Amino acid sequence: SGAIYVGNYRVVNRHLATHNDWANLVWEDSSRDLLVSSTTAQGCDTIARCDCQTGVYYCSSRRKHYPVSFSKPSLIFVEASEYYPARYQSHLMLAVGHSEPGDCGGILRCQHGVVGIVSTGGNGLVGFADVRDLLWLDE
Ligand SMILES: NC(=O)[C@H]1CCCN(C(=O)[C@@H]2SCc3cccnc32)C1
Ligand SMILES: [Zn+2]
């Protein structure tokens, strides 16, 4: 679990969005596993606007942060799960690192700010949904 809170927006994995997220929907994209909802309180986070490919993510299944090298956002095949059919997920970045079911929502940050959130994983892989292209989060 986990979310980004920036301005009057809350960014979560679309597959973990709550009834309240959907009732205050701003934007969602199943192909990216992202959903943004509106908030009444001002958010605590700031978004990176950069091309970094290294950073640090929070892994809830280890209660620890790990450094990662990750690929540029791209279209990657993701196997079927209870949440989605087998499909290509866009704006996804892969890295070698631990992740397991429950770790989605953990933040990936570089020196500039929040880069994205955990969205997929595999045998020693972790995948992050990029948010750096969502310029409107800052306005
Ligand atoms: N974006 C998606 O389509 C997700 C939806 C939830 C299930 N998916 C996963 O990858 C799980 S959750 C993190 C993790 C880590 C190791 C193995 N499996 C997983 C795919
Ligand atoms: Zn950066």
Side-chain angles (χ1 to χ4, degrees):
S1 68
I4 303 162
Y5 293 91
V6 49
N8 292 292
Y9 296 124
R10 165 175 141 106
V11 188
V12 291
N13 292 93
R14 189 187 185 274
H15 73 279
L16 300 175
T18 67
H19 300 304
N20 275 315
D21 284 319
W22 278 103
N24 293 282
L25 180 64
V26 171
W27 168 84
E28 52 76 34
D29 186 336
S30 176
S31 77
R32 289 180 68 155
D33 185 42
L34 290 181
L35 181 149
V36 178
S37 58
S38 60
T39 67
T40 52
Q42 181 79 14
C44 61
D45 293 307
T46 73
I47 311 298
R49 302 295 183 196
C50 68
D51 62 358
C52 285
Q53 285 186 247
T54 63
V56 173
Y57 78 105
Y58 181 65
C59 175
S60 59
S61 65
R62 294 286 180 270
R63 283 210 201 95
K64 276 181 165 131
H65 299 255
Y66 292 110
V68 279
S69 290
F70 50 92
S71 63
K72 289 185 178 174
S74 71
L75 196 56
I76 294 180
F77 179 79
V78 181
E79 197 183 344
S81 66
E82 40 213 348
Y83 301 97
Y84 295 108
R87 76 208 212 284
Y88 288 84
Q89 176 160 321
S90 64
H91 297 264
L92 183 62
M93 300 176 295
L94 297 190
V96 174
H98 182 65
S99 69
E100 63 184 84
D103 282 327
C104 289
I107 285 173
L108 173 63
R109 279 181 165 265
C110 64
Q111 69 190 100
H112 305 109
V114 173
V115 170
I117 50 172
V118 176
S119 177
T120 72
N123 295 332
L125 292 164
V126 52
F128 307 97
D130 188 54
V131 299
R132 294 177 289 187
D133 64 315
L134 303 174
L135 312 188
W136 53 269
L137 288 175
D138 290 329
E139 60 202 33

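Side-chain atoms are counted along with the backbone in the values below, which use heavy atoms only and exclude waters and symmetry mates. One-based numbering, in listed order, for ligands and for the atoms of each. Starting from 1, each residue takes its place in the sequence as its number.
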- A student checking ligand 1 against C104 at a 4.0 Å heavy-atom cut-off should list atoms 12 (S), 13 (C)

- Item | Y84: ring-ring contact (aromatic ring centres under 6.0 Å, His included) partners, not counting sequence neighbours | none

- Message: Please give me the minimum heavy-atom distance between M93 and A129, naming the atom from each residue.
- Response: CE-C, 4.5 Å

- Under 3.5 Å, N or O to N or O, is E100 touching ligand 1 that way? no

- Task: Note the single closest protein heavy atom to atom 3 (O) of ligand 1, along with its residue, its atom name and the distance in Å.
- Result: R87 NH1, 3.0 Å

- heavy-atom search around atom 14 (C) of ligand 1 in the protein gives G121 N, 3.6 Å

- Short list, please: which atoms of ligand 1 are under 4.0 Å from a heavy atom of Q89? 1 (N), 2 (C), 3 (O)

- Task: For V68 and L108, work out which heavy atoms get closest and say how close.
- Result: CG2-CD1, 3.6 Å

- Item | Closest heavy-atom pair and its distance - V11, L34 | CG1-CD2, 4.2 Å

- Query: For ligand 1, which atoms sit closer than 4.0 Å to a heavy atom of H15?
  - Reply: 5 (C), 6 (C)

- Message: Please identify which of these residues, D21, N24, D45, meets the side-chain hydrogen bond (donor to acceptor under 3.5 Å, both in side chains) condition with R10.
- Response: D21

- Item | Atoms of ligand 1, numbered as shown, that sit under 4.0 Å from any heavy atom of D33 | 1 (N)

- Qualifying residue for side-chain contact (heavy atoms from CB on, under 4.5 Å) with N13, from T120, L35, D33: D33

- Residue and atom name of the nearest protein heavy atom (relative to atom 11 (C) of ligand 1), distance in Å to one decimal: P101 CG, 4.4 Å

- Task: Given side-chain hydrogen bond (donor to acceptor under 3.5 Å, both in side chains), test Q89 with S119 step by step and report yes or no.
- Result: CA-CA 10 Å; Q89 176 160 321; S119 177; 2.9 Å; yes

- Quick one: nearest non-hydrogen protein atom to atom 8 (N) of ligand 1, plus distance? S119 O, 4.4 Å

- With distance as the sole test, does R49 use its side chain to make a donor-acceptor pair with the main-chain N or O of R132 at under 3.5 Å? yes

- Message: Show me which atoms of ligand 1 lie under 4.0 Å from any heavy atom of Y83.
- Response: 6 (C)

- Task: Would you mind listing which atoms of ligand 1 come within a distance below 4.0 Å of any non-hydrogen atom of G122?
- Result: 16 (C)

- Heavy-atom closest pair (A17 atom, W22 atom, distance to 0.1 Å) is CB-NE1, 3.8 Å

- Message: Strictly distance-based, threshold 3.5 Å: is any side-chain N or O of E79 a donor or acceptor partner for the main-chain N or O of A86?
- Response: no

- Enumerate the atoms of ligand 1 whose separation from the nearest heavy atom of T120 is less than 4.0 angstrom. 1 (N), 2 (C), 10 (O), 13 (C)

- Message: Testing the basics here: between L92 and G127, what is the closest heavy-atom pair and its distance to 0.1 Å?
- Response: CD1-C, 3.8 Å

- Ligand-residue contact atoms, ligand 1 with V78, heavy atoms, under 4.0 Å: 3 (O)

- Spell out the protein N/O/S atoms under 2.8 Å from the Zn ion (ligand 2) as residue plus atom name. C50 SG, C52 SG, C110 SG, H112 ND1

- Minimum heavy-atom distance between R32 and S90, given as atom pair plus value: CG-OG, 3.3 Å

